[PDB]
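Q: Chains as they are written, first to last, in PDB author numbering: chain F, 546 to 620, 641 to 672, 687 to 694; chain S, 261 to 298; chain X, 27 to 66, 79 to 95, 99 to 100; chain P, 299 to 397; chain C, 695 to 811, 815 to 828, 853 to 1041; chain U, 745 to 811, 815 to 828, 853 to 892; chain B, 992 to 1041.
One structure, pasted below without further comment.
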Ligand SMILES: *[C@@H]1O[C@H](CO)[C@@H](O[C@@H]2O[C@H](CO)[C@@H](O)[C@H](O)[C@H]2NC(C)=O)[C@H](O)[C@H]1NC(C)=O
Ligand SMILES: *[C@@H]1O[C@H](CO)[C@@H](O[C@@H]2O[C@H](CO)[C@@H](O)[C@H](O)[C@H]2NC(C)=O)[C@H](O)[C@H]1NC(C)=O
Ligand SMILES: *[C@@H]1O[C@H](CO)[C@@H](O[C@@H]2O[C@H](CO)[C@@H](O)[C@H](O)[C@H]2NC(C)=O)[C@H](O)[C@H]1NC(C)=O
Ligand SMILES: *[C@@H]1O[C@H](CO)[C@@H](O)[C@H](O)[C@H]1NC(C)=O
Ligand SMILES: *[C@@H]1O[C@H](CO)[C@@H](O)[C@H](O)[C@H]1NC(C)=O
Ligand SMILES: *[C@@H]1O[C@H](CO)[C@@H](O)[C@H](O)[C@H]1NC(C)=O
Ligand SMILES: *[C@@H]1O[C@H](CO)[C@@H](O)[C@H](O)[C@H]1NC(C)=O
Ligand SMILES: *[C@@H]1O[C@H](CO)[C@@H](O)[C@H](O)[C@H]1NC(C)=O
Ligand SMILES: *[C@@H]1O[C@H](CO)[C@@H](O)[C@H](O)[C@H]1NC(C)=O
């Protein structure tokens, strides 16, 4: 079996005559090591979409980057429910939504990006 | 003291098996028995 | 001496692990509520008929 | 963004430009602990071959494979596989083999 | 049996006589309308090949197929937020409900929000219904969160109590509630005095009707089948799409990793090309059906917005 | 009725189930459009036996118990309406002599009662 | 050869179904308008012009 992912100890109780399992639709969840007979789950490493926030082309060449639904623990830094947004400056006061992001947060003012 | 023993035969009949939280088969429906199971 | 094979005869079709999920597969099984043969003596030889369900309770 | 939108000017707003993922590291391999080879010579180095109408057949199991000796050497006059690349034969684990 | 169409009555029609009402029942009615779907988004290049350079190498021979599909899905997820903005966000600003509540005896406490949490009914509604994603599929969040929508609806029905159709033209004008209802009666064709003389009975019927709705919803299942349907359809489309990955499509194997792991590039590319053709056709089918459903929802949202404009911010004259 | 073709069809997965479901959804919608258009009245009102509607001649609009109304028969004489394999057609839920009874109820209501018939009693 | 015939016929059928779905959606729109006209013009007296 040749694939990629993260191997973790499996609490999912196998039976003496099971080598690996699938939770749904051919998605193999675990496997028993052919040496130590231990069952480890394969949870694929995080991935997803990346989007760019810009004020345009003439207004500025600066840009903020949003990593959709990713906890910023992998590669300023501010976390939302849309995902982790890096490059924008967070502010407290509220305004009219200019550039929509998601989950009620929108984004340029005073020569920089604001969230 | 003759004891009893039952004997049946198998057939290729599609079954739908119900798995529990323990990964154990606890029920099943025979998909060609009657109109309801069908 | 016939009998009612109520629901017995289900088995694990493969060595793969599933849980908390319904799965439908096609294989050789024992049709539900079919009749079964009952023996108690006379032990004849028996056709194997592409698989055999056997059950009993120590002769 | 300019690259995806096919323009040297990109107006205001939000644009999705690509996906991302974290690349795998430190390759691992777990084969079974069994360590012993099969009598491959016994398959090729023998004169007791069966007649076609009475073709013989044996089984090969519970051993270490490695057929590069048979694959590359001129020992065989014909070497053709059906659905399997011979150059990967050593890296393919099987349940049994029938000869 | 052969179905009956209805009760057979025959109005006694002559030419010298008329029937006229001598009483009235005010009542309430619930009307349910969907206005959105889950903002589905799928990465085509990962869906078809995923973590395989050679596969995408062959995919490049089909040009922009992924680009067109991705773009179409973006255009629908965008108009779902447009639909929600168009139906709810029709109020210039956020009105507030005055703290002292003496609306002529009319008990509106089960419609207005309670700062403890949404209104009682809204909470019952949310708890009435029962709202996967593992390989290149995701769902984007909505722009307007639940608390933000419940803030629009609180501003809306906190306006129409205090100002009526007025607040939907210009500045709000405070008018005592009972006077407003009396006017609306004049608006139908019943002399204003009828409301004042019978104010107590009217308030009682209104309240006992709100309580009847509260209990109809609190007990009758399948109240929101129309709303549940959209969720079921979205879930079904996603589950079928995911399931299709196990289909062989005439290949030697349904898994790309094994074919690739054991076949020389010639035969391997052939089997890959077969798999790709199959998976691509499945994706095209999915996106087409999703677009049709989106168009139907767009029409539904437009109807809902129209109904809100004429029935909430004013008083409809058109019948039924 | 080709076993080999069937075998060569399973390799393509749930295509047929999906197509069948689509045609079922539309057929249900077709039965709903008629339930939603004609079935607007809860009772079946009937035209009074004596007809003295202030001089307005209705005899060509109302049903004629000889058979539908005259105009409807004319309409059914102006249109130009099988299955062989794998293809079929389902009958509608509401038959012709049922729809014509919804029309002959809404029309026997609007006459006697004005618009109140569909507002309340 | 069978695979070739199957792919072809399957595609022709999927095309048919797609066209039926679009046509059905347009008919639905028409039926909705008809329902509105029956509700507003027959069961009462519409005032909107034309
Ligand atoms: C107005 O008067 C008519 C004439 O009787 C009433 O019509 C009938 O009611 C009686 C029972 O009271 C029935 O037996 C008749 O079959 C009805 N139809 C006729 C006579 O054509 C009518 O009900 C009266 N209006 C009200 C509101 O009661
Ligand atoms: C119009 O109908 C209402 C329906 O409630 C009548 O109200 C009832 O009147 C009776 C007789 O006084 C009381 O016993 C009930 O308690 C009233 N019901 C409610 C809910 O308060 C009303 O009387 C009717 N109009 C006339 C003129 O009789
Ligand atoms: C409006 O009606 C609500 C009923 O929902 C009233 O609330 C209740 O008052 C009773 C009387 O003591 C309490 O037992 C209930 O617990 C209260 N809450 C509910 C949810 O029933 C409310 O007081 C009424 N207000 C006015 C002004 O009529
Ligand atoms: C594997 O086998 C070797 C000897 O054959 C032994 O030393 C080692 O402990 C074994 N490991 C396991 C996990 O069985
Ligand atoms: C961009 O900004 C400049 C000045 O800020 C303005 O002149 C121009 O019209 C804007 N739009 C463009 C370059 O498309
Ligand atoms: C993200 O990671 C932090 C720390 O690793 C953790 O506390 C948090 O629960 C995670 N999830 C979110 C949504 O922040
Ligand atoms: C925002 O509010 C929090 C909570 O009072 C405070 O700690 C923080 O300094 C504020 N930041 C700004 C930029 O106002
Ligand atoms: C099976 O799972 C249940 C929870 O669903 C648990 O209570 C039980 O201990 C598990 N093991 C069994 C039943 O052997
Ligand atoms: C046959 O015997 C010769 C002589 O030892 C040896 O070189 C050769 O490898 C043998 N053949 C096989 C298939 O092992």
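In this text, a Cβ means the ideal position worked out from N, Cα and C, and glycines have one as well.
Can you tell me whether residue 649 of chain F is helix, strand or coil according to DSSP?
A: Residue state, collapsed to three classes: strand.
Q: I want to check one thing, is the minimum distance from the CB of residue 556 of chain F to the heavy atoms of ligand 8 below 6 Å?
A: No - ligand 8 has no heavy atom lying nearer than 6 Å to the Cβ of residue 556 of chain F.
Q: Taking the runs of the beta strand (DSSP E) that are 3 residues or longer, which of them lie wholly in the region 551-615 of chain F?
A: List check, beta strand (DSSP E) in window: 551-554, 575-577, 584-588, 592-599, 609-613.
Q: For residue 84 of chain X, which residues from the same chain have a beta carbon less than 8 Å from its beta carbon, with the 5 sequence-adjacent residues on both sides left out?
A: If we look at residue 84 of chain X and ignore the five residues flanking it on each side, its Cβ neighbours are 90.
Q: Counting only the same chain and skipping the five closest in sequence on each side, list residues whose C-beta sits under 7 Å from that of residue 277 of chain S.
A: Once the five neighbours on either side are set aside, the close Cβ partners of residue 277 of chain S are 285, 288.
Q: What does the Cβ neighbour count give for residue 647 of chain C, buried or exposed, with the cut at 16 atoms within 10 Å?
A: Given that chain C is displayed from residue 695 to residue 1041, the structure contains no residue 647 of chain C and the question cannot be resolved.
Q: Which value, in whole angstroms, describes the spacing of the CA atoms of residue 606 of chain F and residue 599 of chain F?
A: Cα to Cα, the separation comes out at about 8 Å.
Q: If you measure from the beta carbon of residue 87 of chain X to each beta carbon in chain S, is any gap under 7 Å?
A: Closer than 7 Å to some Cβ of chain S, the Cβ of residue 87 of chain X qualifies, so yes.
Q: Tell me, please, whether the CB atom of residue 772 of chain C is closer than 7 Å to any CB atom in chain B?
A: No, its Cβ sits nowhere closer than 7 Å to a Cβ of chain B.
Q: Determine, using beta carbons only, whether residue 265 of chain S and residue 29 of chain X come nearer to each other than 7 Å.
A: No, the pair does not count as a contact, with Cβ atoms beyond the cut-off.
Q: Could one say the Cβ of residue 42 of chain X lies closer than 7 Å to chain F's Cβ atoms, at least one of them?
A: By this cut-off, residue 42 of chain X is an interface position.
Q: Any beta-carbon of chain X closer than 7 Å to the one on residue 274 of chain S?
A: Closer than 7 Å: yes.
Q: Which residues in chain P have a C-beta closer than 7 Å to the C-beta of residue 614 of chain F? List them in chain order.
A: Going along chain P, no residue has its Cβ under 7 Å from residue 614 of chain F, so there is no contact; the nearest lies around 12 Å.
Q: Give me whichever residues DSSP pairs with residue 62 of chain X in a beta bridge.
A: According to DSSP, residue 62 of chain X bridges with X:29.
Q: For the beta strand (DSSP E) containing residue 316 of chain P, list its first residue and its last residue.
A: Residues 311-319.
Q: According to DSSP, simplified to helix, strand and coil, what is residue 1007 of chain C?
A: Reduced to three states, the DSSP call for residue 1007 of chain C is helix.
Q: Anything in chain F within Cβ reach of residue 372 of chain S, meaning under 7 Å, just list it in chain order.
A: Outside the shown range of chain S (261 to 298) lies residue 372 of chain S, about which nothing can therefore be said.
Q: Name the one or two DSSP bridge partners that residue 665 of chain F has.
A: Looking at the DSSP assignment, residue 665 of chain F forms a beta bridge with F:671.
Q: Is residue 751 of chain C near ligand 8, in the sense that its beta carbon is under 6 Å from a heavy atom of that ligand?
A: No.
Q: For residue 1035 of chain B and chain U, any beta-carbon pair shorter than 7 Å?
A: So, interface residue.
Q: Going by DSSP in three states, residue 904 of chain C sits in which element: helix, strand or coil?
A: Of the three classes helix, strand and coil, the one that applies to residue 904 of chain C here is helix, per DSSP.
Q: How is the beta strand (DSSP E) around residue 769 of chain C delimited, first residue to last?
A: Where residue 769 of chain C is concerned, there is no enclosing beta strand (DSSP E), although the alpha helix (DSSP H) it sits in stretches over 759-782.
Q: Beta carbon of residue 342 of chain P: closer than 6 Å to some heavy atom of ligand 9?
A: Flag set: Cβ of residue 342 of chain P near ligand 9.
Q: Indicate whether residue 880 of chain U and residue 789 of chain U have their beta-carbon atoms separated by less than 7 Å.
A: Their beta carbons are under 7 Å apart, which means residue 880 of chain U touches residue 789 of chain U by this criterion.
Q: Measure the alpha-carbon distance for residue 316 of chain P versus residue 593 of chain F and round it to whole angstroms.
A: Their Cα atoms are separated by approximately 9 Å.
Q: Am I right that residue 703 of chain C and residue 787 of chain U are in contact with their C-beta atoms under 8 Å? What's the rounded C-beta distance?
A: Residue 703 of chain C to residue 787 of chain U, Cβ: 5 Å. Contact.
Q: Using 6 Å as the cut-off, classify the Cβ of residue 339 of chain P as near or not near the heavy atoms of ligand 9, replying yes or no.
A: True, at least one ligand heavy atom lies under 6 Å from that Cβ.
Q: Determine whether the beta carbon atoms of residue 382 of chain P and residue 590 of chain F lie at a separation below 7 Å.
A: No; because the gap between Cβ atoms is not below 7 Å, this pair is not in contact.
Q: Short check: CB of residue 275 of chain S to CB of residue 92 of chain X, under 7 Å?
A: Contact: no.
Q: Which residues, in order along the region 974-997 of chain C, keep a beta-carbon less than 9 Å from a beta-carbon of chain P?
A: Answer set for the region 974-997 of chain C: 982, 983, 984, 985, 988, 989.
Q: Rounded C-beta distance between residue 688 of chain F and residue 666 of chain F? I'm assuming under 8 Å.
A: Contact flag wrong, Cβ pair sits at about 15 Å.
Q: When the cut-off is 7 Å and only beta carbons count, does residue 62 of chain X lie next to chain S?
A: Chain S contact via Cβ: present.
Q: For residue 47 of chain X, return the contacting residues in chain S, with the cut-off set at a CB-CB distance below 8 Å.
A: Correct list: 279.
Q: What is the residue span of the alpha helix (DSSP H) that residue 818 of chain C lies within?
A: Where residue 818 of chain C is concerned, the enclosing alpha helix (DSSP H) stretches over 817-825.
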